Each structure stands twice: as structure tokens, then as C-alpha cells.
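J.: Let me give you the structure first, and then I'll get to my questions.
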Amino acid sequence: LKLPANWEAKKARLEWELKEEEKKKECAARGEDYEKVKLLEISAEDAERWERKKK
Amino acid sequence: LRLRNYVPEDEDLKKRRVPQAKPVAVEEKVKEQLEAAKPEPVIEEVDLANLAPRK
Amino acid sequence: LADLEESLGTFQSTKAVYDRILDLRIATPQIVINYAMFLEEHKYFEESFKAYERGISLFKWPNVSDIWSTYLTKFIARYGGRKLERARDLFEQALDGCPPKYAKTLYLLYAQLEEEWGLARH
């Protein structure tokens with residue numbers, strides 16, 4: 001209660017970001033750059049929508 | 001039975017997956033020319049193979 | 001479902017899943033690489049090259065860089081010996097719009113191939 005009302009929602013975000021960091025460490029343990037793995041794991045349709053948000 | 005595309009939610013099913021072909025770090029081979037990339041007077045000695053062009 | 005068909009079922013039915021995936025634009029490049037290896041196991045490498053080409057055509061930078069690398073590696077080994085000139089054009093298509101770090105790699109690789117089988121002047 002003395003902590004912020006959103007602190008657990010912030011914690012849930014931080015745990016989700018740490019799970020992204022855990023996936024990064026998992027790729028590094030396998031022996032690959034996490035950026036290169038992610039490019040192999042992306043589906044193009046997400047980038048399409050991104051460009052439309054810009055446009 | 002052999003699986004390669006999905007990431008099963010059962011770990012017992014994860015064991016069935018075929019180990020995917022890892023890439024080779026092409027940058028490591030690039031390093032040899034990147035070591036050649038040192039800026040030097042490449043007539044380091046009067047080596048006529050450099051001084052006189054080949055055929 | 002693709003993993004189910006490849007384990008249980010026929011080649012053509014399994015491949016038809018990938019065709020639907022490509023038409024629906026679902027495919028990741030890793031799934032393409034899985035499909036490419038699958039087509040090599042069924043030894044229709046020409047289709048495997050078509051699959052790489054389709055997945056390059058769907059995607060954008062940076063992602064395309066690794067797709068090229070895997071595609072060129074497969075092609076240069078068996079069919080780079082056989083019919084060299086198509087790979088030059090394929091290198092030229094690969095260079096198009098490429099960001100500089102990946103382009104640097106591609107310039108050296110192309111010039112090496114030019115040293116291996118083409119004119120030094122190129």
C-alpha cells in the first residue's frame with residue numbers, strides 16, 4: 001500500500017522485460033547473437049503494421 | 001516422430017525436437033581481411049611481386 | 001501442425017502446409033530454413049531455392065541478411081560449382097538497399113567468389 005498503486009503493474013512489465021533478457025541470455029548460451037535469432041523469429045506482418053503506424 | 005518448427009509447451013515433447021542447424025559466424029572469417037585492413041605501407045620490404053605487377 | 005505433418009504424413013501434404021503459411025505471410029525465416037532443409041531432405045533443391053527467394057521477397061532489412069547467408073551457403077556448395085553466373089546476379093540482388101555492416105560482409109564474399117571463379121578486375 002505504501003508502494004505506488006501501479007508498482008505491481010510496473011513489476012509485471014519489468015518481469016516481462018527480464019523474460020526478454022532471459023531469452024537474450026538463452027541465445028547467448030546457445031552461441032548466437034539474440035538480434036540475429038530475433039530477425040530469424042520475426043514474422044514480416046508486424047513490421048508492415050509498424051510502417052503504417054509511421055505513415 | 002520428428003518435430004522442428006514449433007516450441008512445445010510440454011518439455012517432454014520438447015525432447016522430441018530435432019536439433020536445428022546453427023549458423024557460422026561469417027564475421028570471424030571476415031577478420032582476416034579486417035587484419036589486412038591495418039593501414040600500412042604494403043611495400044613493407046622491396047618485394048618485386050608487389051613492385052612489378054603479375055600477368 | 002507443420003511438425004505433425006512432417007512427422008506423421010506425406011511430403012506433399014506437409015509442403016502444402018508451408019504453401020498456406022507463405023500465402024498467409026505467417027512464415028518466419030527460421031521456418032523457411034526448416035522448410036529449406038526439409039526440401040533438401042526430399043532433394044528438390046530447386047524448390048528449396050524458390051522457398052528462400054519467396055521468403056526474401058516478403059521480408060525487409062535487417063532480417064533478409066541472414067536469409068541471404070543461408071541461401072548462398074546452400075547454393076554455392078552443390079550448384080555454385082555447376083552454374084556460377086546466376087549467383088553473381090543473386091549477389092547483385094542481395095546488395096540492393098543493404099545496410100552497411102551486412103553489405104561489408106556481402107562485398108567481401110562476392111569479391112572472394114570473383115577471385116575464386118571470375119575476373120579479379122570485377
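Residues in the C-alpha cells are named by chain (A, B, ... in the order shown) and by number from 1 within that chain; ligands are numbered from 1 in the order shown.
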Using only C-alpha atoms, select each residue of chain C with any atom at most 8 Å away from an atom of chain B, and give the selection as a PyMOL selection string.

T.: chain C and resi 2-4+6-8+31+34+70+105+108

J.: Tell me which protein, DNA and RNA residues are within 8 Å of range 15-22 of chain C, counting only C-alpha atoms, leaving out same-chain ones fewer than 4 positions away, and put them as a list in words.

T.: residues 1, 2, 11, 26, 27, 35 and 55 of chain C

J.: Just the selected residues (N, CA and C atoms), exported as a PDB file, in the first residue's frame, please.

T.:
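Ended up saving to out.pdb:
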```pdb
ATOM      1  N   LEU C   1       1.102 -27.746 -36.413  1.00  0.00           N
ATOM      2  CA  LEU C   1       0.504 -28.587 -37.454  1.00  0.00           C
ATOM      3  C   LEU C   1       1.537 -29.019 -38.492  1.00  0.00           C
ATOM      4  N   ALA C   2       2.452 -28.108 -38.848  1.00  0.00           N
ATOM      5  CA  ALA C   2       3.563 -28.423 -39.747  1.00  0.00           C
ATOM      6  C   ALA C   2       4.451 -29.532 -39.185  1.00  0.00           C
ATOM      7  N   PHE C  11       5.086 -36.062 -47.781  1.00  0.00           N
ATOM      8  CA  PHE C  11       5.853 -34.893 -48.221  1.00  0.00           C
ATOM      9  C   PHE C  11       4.970 -33.789 -48.802  1.00  0.00           C
ATOM     10  N   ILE C  26       2.619 -15.979 -42.862  1.00  0.00           N
ATOM     11  CA  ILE C  26       2.885 -16.319 -41.468  1.00  0.00           C
ATOM     12  C   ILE C  26       4.376 -16.556 -41.207  1.00  0.00           C
ATOM     13  N   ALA C  27       5.099 -17.110 -42.200  1.00  0.00           N
ATOM     14  CA  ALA C  27       6.455 -17.665 -42.050  1.00  0.00           C
ATOM     15  C   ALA C  27       7.484 -16.707 -41.456  1.00  0.00           C
ATOM     16  N   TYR C  35      12.056 -25.332 -43.612  1.00  0.00           N
ATOM     17  CA  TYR C  35      11.443 -25.781 -44.861  1.00  0.00           C
ATOM     18  C   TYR C  35      12.509 -26.087 -45.906  1.00  0.00           C
ATOM     19  N   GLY C  55      10.788 -16.074 -49.333  1.00  0.00           N
ATOM     20  CA  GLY C  55      10.945 -15.507 -48.002  1.00  0.00           C
ATOM     21  C   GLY C  55      11.781 -14.240 -47.966  1.00  0.00           C
TER      22      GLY C  55
END
```

J.: Residues of chain C classed as alpha helix (DSSP H) by DSSP on the backbone are to be reported as a ChimeraX atom specification.

T.: /C:2-8,11-23,29-41,45-58,64-82,85-95,100-117

J.: Tell me the residues of chain A close to chain B, meaning within 12 Å using only C-alpha atoms, as a PDB file with C-alpha atoms, in the first residue's frame.

T.:
```
ATOM      1  CA  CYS A  27      20.561 -17.241 -27.302  1.00  0.00           C
ATOM      2  CA  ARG A  30      23.339 -21.350 -27.436  1.00  0.00           C
ATOM      3  CA  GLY A  31      26.030 -19.334 -29.229  1.00  0.00           C
ATOM      4  CA  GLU A  32      24.093 -16.792 -31.322  1.00  0.00           C
ATOM      5  CA  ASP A  33      23.529 -13.043 -31.203  1.00  0.00           C
ATOM      6  CA  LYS A  36      20.146 -12.373 -35.288  1.00  0.00           C
ATOM      7  CA  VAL A  37      17.876 -15.009 -33.676  1.00  0.00           C
ATOM      8  CA  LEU A  40      15.010 -15.222 -37.815  1.00  0.00           C
ATOM      9  CA  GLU A  41      11.995 -15.399 -35.455  1.00  0.00           C
TER      10      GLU A  41
END
```

J.: Taking only C-alpha atoms into account, find every residue of chain A that has an atom no more than 7 Å from chain C, and write it out as a CSV table (one decimal) with N, CA, C and O atoms, in the first residue's frame.

T.:
```csv
chain,number,residue,atom,x,y,z
A,39,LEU,N,15.6,-11.7,-35.6
A,39,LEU,CA,15.4,-11.5,-37.1
A,39,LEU,C,14.9,-12.8,-37.7
A,39,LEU,O,14.0,-12.8,-38.6
A,40,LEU,N,15.5,-13.9,-37.3
A,40,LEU,CA,15.0,-15.2,-37.8
A,40,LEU,C,13.6,-15.6,-37.3
A,40,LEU,O,12.9,-16.4,-37.9
A,41,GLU,N,13.3,-15.1,-36.1
A,41,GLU,CA,12.0,-15.4,-35.5
A,41,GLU,C,10.9,-14.4,-35.8
A,41,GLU,O,9.7,-14.7,-35.5
A,42,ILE,N,11.2,-13.2,-36.3
A,42,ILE,CA,10.2,-12.2,-36.7
A,42,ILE,C,9.4,-12.7,-37.9
A,42,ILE,O,9.9,-13.4,-38.8
A,43,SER,N,8.1,-12.5,-37.8
A,43,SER,CA,7.2,-12.6,-39.0
A,43,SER,C,6.9,-11.2,-39.5
A,43,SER,O,6.7,-10.3,-38.7
A,44,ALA,N,7.0,-11.0,-40.9
A,44,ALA,CA,7.1,-9.7,-41.5
A,44,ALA,C,5.9,-8.8,-41.3
A,44,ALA,O,6.0,-7.6,-41.4
A,45,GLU,N,4.7,-9.4,-41.1
A,45,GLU,CA,3.4,-8.7,-41.0
A,45,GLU,C,3.5,-7.7,-39.8
A,45,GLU,O,2.7,-6.7,-39.9
```

J.: So how many Å separate CA of residue 104 in chain C and CA of residue 39 in chain B, to one decimal?

T.: 17.7 Å

J.: Take CA of residue 118 in chain C and CA of residue 92 in chain C and report the distance between them in Å, one decimal.

T.: 14.4 Å
